[PDB]
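Participant: Before I ask anything, here is the structure I am working with.
A quick note on method: Cβ atoms are made from the backbone with ideal geometry, for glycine too, and the neighbour counts reach across all protein chains shown. Bear in mind these aren't lab numbers, they're just calculated from the coordinates by the rules spelled out.
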Protein chains: 2
Amino acid sequence: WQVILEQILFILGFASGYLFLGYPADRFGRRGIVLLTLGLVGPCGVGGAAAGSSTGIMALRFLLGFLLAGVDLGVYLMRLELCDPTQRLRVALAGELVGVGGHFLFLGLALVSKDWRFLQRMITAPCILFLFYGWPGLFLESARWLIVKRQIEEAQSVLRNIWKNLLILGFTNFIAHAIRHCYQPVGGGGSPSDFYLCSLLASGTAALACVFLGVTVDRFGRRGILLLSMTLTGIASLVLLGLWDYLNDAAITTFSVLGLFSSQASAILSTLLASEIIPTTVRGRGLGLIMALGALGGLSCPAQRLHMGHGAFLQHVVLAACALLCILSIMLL
Amino acid sequence: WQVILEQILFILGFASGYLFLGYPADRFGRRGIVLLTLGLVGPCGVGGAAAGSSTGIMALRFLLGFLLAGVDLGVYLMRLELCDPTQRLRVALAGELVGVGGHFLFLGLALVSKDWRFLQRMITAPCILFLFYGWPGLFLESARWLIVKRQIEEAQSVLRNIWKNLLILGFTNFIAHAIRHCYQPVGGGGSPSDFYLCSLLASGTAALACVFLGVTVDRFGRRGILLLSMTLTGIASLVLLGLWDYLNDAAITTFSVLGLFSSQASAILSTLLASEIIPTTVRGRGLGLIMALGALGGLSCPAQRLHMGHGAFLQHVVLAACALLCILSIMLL
Ligand SMILES: [Fe+2]
Ligand SMILES: [Fe+2]
């Protein structure tokens, strides 16, 4: 499918950006890279939406994904640096649903506009990745951090071991991404007709996935919830597959929507935990790599869940059994 | 003030672009101008947020307003051409949610992130202009039309008197813009602590302002409601000024929130009405002009409303009395 090829190229662009723009991030700086990546995302995204040739379309889509990866990593670094450690957690949580907000707003626009005309060409349902349609302005709306840095610099001028936690968090971040798309018993999107019902659900499920992850991790600790946010999907994925002995089609939805809680809470939280282990220096080398594994792990739905479709439980059990490995290694932190 | 000088420049950037970028929209086509303007919005908006020197801060804010002028006007021409005329009313209405979506999300992330720090070093409060912070999203999110145009154009390859209504609508669009900001007993919210309560109100009031303008103007006609959406602000602005004999501070809010209905429904509906009068040719010179006066009419908040504030009833009554000229000229259509 053309859309799935776009999504796979976009995920590969995210992987390449997250894996190759860390060294510039910690060498050149954490501010200039954001400006360069955003000022290239703009024209690159416009051209990708403009120049339609089916051969350069994927090239500019990959380039846009690479630049979006760079700007996302830079924005993450600036958020974790400028903000005070007392409330940095809330900023990071709000900085992880920014793409969720962009995608939900795009879908709401399409609904109120009633213009479902970019659909009806897609043979299969599109991948739900947020940043595919949550890039347009969500990151340029997150340019508020550039303003904050500008005012901080102006005020300043006026006044004038590690690898062990990287692999455990890398696998946890990778699994928490590649298992989110597996919580979809209705095909791999249930045709584009049901795409909005799943985009609203996934975005809406991410909203509550930041509530019990937003108000409890401070009291319970980031490691304690990460174990719970990885064992909740360790029960939400067996009864979904193994013990689904007449789940009456209603316990199939209370568990999948519960799976998207833990899967999207063990991916948001795992990104935060990588910051503490890595020092201020070379922070982007490893912290970007953790989501680089995660961004590369967004290949569940596009690469295999939609392409094969039939017998997709074999991927679900492999990833669900891999969650046991992540659970047994989370306590090792 | 430092912030309000951007708003005057942005509006003058919006007014200059709306008036000047009408010749290209009818000579160079309605699609290329969108790609050129939106392509340049990215780098321009980032550069304005990057190079902070108080002289380029407004220099690339004027240019950003000029570029966003073509984007809003260029999308509008494609909105009413690509979409079917049967449901063009909903698309154009939902297309006017460009300001609300981008602005509301900007103060959506800030509420969750609790990062109200860019408003600390700022005196009084910024003007409530949605596209000031709603520019990032809802325009590159409104690239769906470029996607839609690509599919339609690709499908084709597969198969291979007037001035009287301009002044009445121009004045109506201008008045309906410059009177909305006058529905504020506190100037711009006064202290910045009330800015979100006014941004949520104005955006929320614009939400219902598209409901009774969305479900009734089809049955009642665009001209009939425009008279009612201009005679409603002829009472919400008259009893707020003339008969405010102990409105007990609660009937004041039931009228301001009712004034923001009519003033933001006689500004959205007026833009739609001018589309039909002007033919398909020279549909950018005049249709842009109606909101070129309207965008130039967005100076009311940067005007006496916020600059001096004291005795600003004189500016409100002048516009309210001018609204009498607006309603009396509506039947002349
Ligand atoms: Fe991300
Ligand atoms: Fe506009």
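Participant: Run down B:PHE14, B:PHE20 and say which single residue is of a type outside the set (A, V, I, L, M) and buried (at least 24 other Cβ atoms within 10 Å of the Cβ).
Facilitator: Values: B:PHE20 fails: buried (at least 24 other Cβ atoms within 10 Å of the Cβ).
Among B:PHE14, B:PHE20, only B:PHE14 is of a type outside the set (A, V, I, L, M) and buried (at least 24 other Cβ atoms within 10 Å of the Cβ).
Participant: Then there is this: Condition test on B:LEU82, is it within 16 Å of ligand 1 (Cβ to nearest atom) and either surrounded by 21 or more Cβ atoms within 10 Å (Cβ to Cβ) or within 28 Å of A:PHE104 (Cβ to Cβ) (or both)?
Facilitator: Judged against the criteria, B:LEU82 is not a match.
Participant: Restrict the check to segment A:144-160 and report whether at least one residue is farther than 30 Å from A:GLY32 by Cα and within 14 Å of chain B (Cβ to nearest Cβ). Quick ask: steps written out before the conclusion?
Facilitator: The initial filter retains those residues of segment A:144-160 that are farther than 30 Å from A:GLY32 by Cα, namely none.
Taking every residue of segment A:144-160 in turn, none turns out to be farther than 30 Å from A:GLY32 by Cα and within 14 Å of chain B (Cβ to nearest Cβ).
Participant: Could you pull out the residue among B:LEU299, B:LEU269 that is among the aliphatic types (A, V, I, L, M) and more than 18 Å from B:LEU169 (Cβ to Cβ)? Before the answer, list the steps.
Facilitator: Working: B:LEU269 fails: more than 18 Å from B:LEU169 (Cβ to Cβ).
Within the list B:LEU299, B:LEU269, the selection yields B:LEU299.
Participant: Here's another thing I want to ask about it. Among what's in segment A:49-77 and is at the interface with chain B (Cβ under 9 Å from one of its Cβ atoms) and crowded, with 21+ Cβ neighbours inside 10 Å, pick the residue that is farthest from the chain's Cα centre (by Cα).
Facilitator: Selected residue: A:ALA50.
Participant: Could you list all residues from segment A:114-140 that are within 7 Å of another protein chain (Cβ to nearest Cβ) and buried (at least 24 other Cβ atoms within 10 Å of the Cβ)? Working first, answer last.
Facilitator: First, the residues of segment A:114-140 that are within 7 Å of another protein chain (Cβ to nearest Cβ): A:114-115, A:117-118, A:121, A:136-138, A:140.
Hits for segment A:114-140 are A:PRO136, A:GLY137, A:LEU138, A:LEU140.
Participant: Then there's this: Only residues that are out of contact with any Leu (no Cβ under 7 Å at 6 or more places or on another chain) and within 15 Å of ligand 2 (Cβ to nearest atom): list them for segment B:98-137, please.
Facilitator: Hits for segment B:98-137 are B:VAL100, B:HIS103, B:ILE128, B:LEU129, B:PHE130, B:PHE132, B:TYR133, B:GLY134.
Participant: Run B:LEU63 past the list (1) in a helix (DSSP H, G or I); (2) on the phi > 0 side of the Ramachandran plot and report the number of the one that doesn't hold.
Facilitator: (2)
Participant: Does segment A:85-144 hold any residues that are under 28 Å from B:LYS114 (Cβ atoms) and among the charged types (D, E, K, R), and which are they?
Facilitator: Within segment A:85-144, A:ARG88, A:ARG90, A:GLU96, A:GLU141, A:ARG144 meet the criteria.
Participant: Got a sec? Which of B:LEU38, B:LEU19 is out of contact with any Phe, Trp or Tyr (no Cβ under 9 Å at 6 or more places or on another chain) and within 19 Å of B:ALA295 (Cβ to Cβ)? Walk me through how you get there before you give the answer.
Facilitator: Working: B:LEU38 fails: out of contact with any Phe, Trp or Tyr (no Cβ under 9 Å at 6 or more places or on another chain).
Being out of contact with any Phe, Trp or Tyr (no Cβ under 9 Å at 6 or more places or on another chain) and within 19 Å of B:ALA295 (Cβ to Cβ) holds for just one of B:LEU38, B:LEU19, which is B:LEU19.
Participant: Residues that are of a type in the set (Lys, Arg), within 16 Å of ligand 2 (Cβ to nearest atom) and touching a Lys or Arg at 6+ places or on another chain (Cβ under 7 Å): list the helices (runs of 4 or more DSSP H) wholly contained in segment B:230-304 that include at least 1 such residues. So that I can check it myself, show each step before the final result.
Facilitator: Working: elements: B:233-236, B:253-265, B:268-277, B:287-296.
Correct list: empty, since no element meets the threshold.
Matching residues to (1) more than 14 Å from the chain's Cα centre (by Cα); (2) among the hydrophobic types (A, V, I, L, M, F, W, C); (3) farther than 30 Å from A:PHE28 by Cβ:
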| position | (1), (2), (3) |
| --- | --- |
| A:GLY224 | yes, no, yes |
| A:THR253 | yes, no, yes |
| A:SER263 | no, no, yes |
| A:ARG285 | yes, no, no |
| A:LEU293 | no, yes, no |
| A:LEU306 | yes, yes, yes |
| A:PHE313 | yes, yes, yes |
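Participant: Given B:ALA236, B:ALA250, which one is surrounded by fewer than 18 Cβ atoms within 10 Å (Cβ to Cβ), over 22 Å from B:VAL98 (Cβ atoms) and of a type in the set (A, V, I, L, M)? Show your work before the answer.
Facilitator: Values: B:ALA236 fails: surrounded by fewer than 18 Cβ atoms within 10 Å (Cβ to Cβ).
It is B:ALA250.
Participant: Let me ask you something else. Which of the residues that make up segment B:304-333 are closer than 22 Å to B:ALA265 by Cβ, surrounded by fewer than 18 Cβ atoms within 10 Å (Cβ to Cβ) and among the hydrophobic types (A, V, I, L, M, F, W, C)?
Facilitator: Selection gives B:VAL317, B:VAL318, B:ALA321, B:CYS322, B:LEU324, B:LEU325, B:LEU328, B:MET331, B:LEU332, B:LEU333.
Participant: Looking at segment A:78-95, is at least one residue within 14 Å of chain B (Cβ to nearest Cβ), under 30 Å from B:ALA155 (Cα atoms) and assigned to a helix (DSSP H, G or I)?
Facilitator: Among the residues of segment A:78-95, not one is within 14 Å of chain B (Cβ to nearest Cβ), under 30 Å from B:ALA155 (Cα atoms) and assigned to a helix (DSSP H, G or I), which makes the answer no.
Participant: Something else: Failed condition for A:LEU111, given (1) away from chain B (no Cβ under 12 Å); (2) surrounded by fewer than 21 Cβ atoms within 10 Å (Cβ to Cβ), with all others met?
Facilitator: The single condition A:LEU111 does not satisfy is (1).
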